[PDB]
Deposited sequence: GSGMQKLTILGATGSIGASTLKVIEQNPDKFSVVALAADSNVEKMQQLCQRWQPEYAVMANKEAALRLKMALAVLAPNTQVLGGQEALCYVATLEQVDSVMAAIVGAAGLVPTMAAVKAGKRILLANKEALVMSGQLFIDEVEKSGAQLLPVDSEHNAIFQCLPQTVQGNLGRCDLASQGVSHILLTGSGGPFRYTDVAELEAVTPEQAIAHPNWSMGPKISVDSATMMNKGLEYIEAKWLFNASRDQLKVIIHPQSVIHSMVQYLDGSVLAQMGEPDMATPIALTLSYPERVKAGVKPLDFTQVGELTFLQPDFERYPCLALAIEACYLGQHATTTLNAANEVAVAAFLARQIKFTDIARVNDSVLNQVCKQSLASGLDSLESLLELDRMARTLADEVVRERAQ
């Protein structure tokens, strides 16, 4: 029957992709609420097109402007403001699924609320599992909330897993279902074939070069150091309940293959596709069925060659940090992520060298570790971590 959605983070690209899939399947999906930050012009335009029952701006001043705009453009849309209103729409009774696409720490409480309300969670916020995986998984289990991952790699893994696993994320017994290991793939970044010696000198211009499809600058830098892959690793561990034996990382420079799973009998399954987030989003909407997504089928005439490389730690120390942190737990993953935000900004600011990103991470990470859990405890931790990082940036400058 008809599926009711709330979309947290409707004015970004994840939101646009989600709405594209919805547009392609009018009978199947129905938008009950849309939520965003402070982009009123974009929101009003989306509310005119979609006429949702609710629209929310996190920013209360922005909510007032939208409210006035919509009084005629969308007279049946109730407009609300602030963090509490985000939780409100994420927990409505009639809502079946929630696209959790508000990014950063801002996204935690609203995402958690949907979780506690036992909703399907189309998880597109990194922080929930990077900062607070244990907490999220525990809550999911209490409420019966389904978790459907939107990140391209996690979604691909999910599709390469058998069904019994797919339905027991967070708690899955991989070995008992024949899964030897999960192979998390990534491109290796712009320095994938660059001599390690040369990394000291790298400019943000150089680190930023990417596929025609863009990324934000921070993310582009995390892709250069493979910190991005490390963060995906941490999330993967929680989504798929992966021991130190069960999760690996392979470099695949073309990114046609989006990740893979190695089974006990030697069989490997891999997911591939055109680089459009509507594919993975579509499955998070449709699971266990499939729907049109407005993505073209992959053309093997035009794919080019697919290859694989072995990462090494001299080239990608961040990845080692992340993996190490991953098995130390929430305090370490929280700490690493906080520190890395600062070091990347620092590098972009031309204050530090490219290779200084990992040093900062490492130092901060060490100190905190030498010394129950909540979203707030973790946010505080995040602040401490950022301060330590600031200090350290002063030194390496």
- Note on the structure: Counting from 1 along the deposited sequence, the ranges with no C-alpha atoms are 1-2, 374-378, 405
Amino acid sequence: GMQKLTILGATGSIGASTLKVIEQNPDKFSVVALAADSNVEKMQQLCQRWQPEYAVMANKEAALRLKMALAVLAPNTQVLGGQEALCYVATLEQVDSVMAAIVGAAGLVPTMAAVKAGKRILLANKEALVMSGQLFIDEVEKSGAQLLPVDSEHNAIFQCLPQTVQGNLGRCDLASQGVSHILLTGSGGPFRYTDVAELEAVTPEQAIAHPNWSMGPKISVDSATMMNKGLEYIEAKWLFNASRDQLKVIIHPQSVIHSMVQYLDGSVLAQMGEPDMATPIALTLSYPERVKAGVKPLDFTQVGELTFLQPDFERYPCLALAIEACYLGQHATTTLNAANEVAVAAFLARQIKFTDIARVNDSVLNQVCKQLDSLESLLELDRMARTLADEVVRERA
From here on, numbers count along this sequence of modelled residues.
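Under this definition, the rigid core comprises the largest set of C-alpha atoms superposing within 1.5 Å between the forms.
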- Message: Out of 63-71 and 355-363, which one drifts farther from the shown form in 4 other deposited structures of this protein in terms of CA positions, with the fit done on the rigid core?
- Response: 63-71
- Message: Between 34-42 and 343-351, which has its CA atoms farther from the current form in 4 other deposited structures of this protein, using a rigid core superposition?
- Response: 34-42
- Message: Please determine whether residue 213 lacks coordinates in at least a third of the other PDB entries of this protein that model its flanking residues.
- Response: yes
- Message: I need to verify one thing: averaged over C-alpha atoms only, is the B-factor higher for 381-389 or for 10-18?
- Response: 381-389
- Message: When the Cα temperature factors in the entry are averaged, is it 194-202 or 321-329 that ends up higher?
- Response: 194-202
- Message: Highest Cα temperature factor in the entry, among the options 180, 155, 301, 267: which one is it?
- Response: 301
- Message: Looking at the C-alpha B-factor values in the deposited entry, which of 243, 214, 176, 262 comes out highest?
- Response: 214
- State the tercile, meaning the lowest, middle or highest third, of residue 132 with respect to the CA B-factors recorded for its chain. middle
- Item | Where the record places residue 144 (Cα B-factor, split into thirds across the chain) | highest
- Message: By the recorded C-alpha temperature factor, relative to the other modelled residues in its chain, which third is residue 271 in?
- Response: lowest
- Message: Among the modelled residues of this chain, does the Cα B factor of residue 305 put it in the lowest, middle or highest third?
- Response: middle
- Query: When the modelled residues of the chain are sorted by Cα temperature factor, does residue 118 land in the lowest, middle or highest third?
  - Reply: highest
